[PDB]
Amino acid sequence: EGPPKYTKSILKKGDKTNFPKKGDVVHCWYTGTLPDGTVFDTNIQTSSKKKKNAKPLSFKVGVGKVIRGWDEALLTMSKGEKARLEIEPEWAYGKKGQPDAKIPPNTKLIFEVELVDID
């Protein structure tokens, strides 16, 4: 189980009342960055689609739909919370990384994650 192979720093507090449980479906805005500061992915729209059509990432939590660091971190977050996650390679894409997805081998990944809603 532990200790966790990720760290969480809370950037914006959530409601501190509604926490996702394993099997809940969550919705999030995220930005993913490498240790060098390069943004590798984001689902946050720059403009004119900021609200018009953009859809947040949707997944069922705690069941291995996402990398381990996200799955465990989400369980610690409350609705509306914005957090910075630093995730070791072992709880991300492993030692090999995911080159076809732009993730280099053996690199920590930094995500800013906002938990919008829980179903």
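Don't overthink the numbering: it's just position in the shown sequence, from 1.
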Comparing 97 to 105 with 5 to 13, the one whose average Cα B-factor in the PDB entry is higher: 97 to 105
Mean Cα B-factor comparison, 73 to 81 or 60 to 68, giving the higher one as deposited: 60 to 68
Third assignment of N43 from its chain's C-alpha B-factors: highest
Record-listed C-alpha B factor of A54: chain third: highest
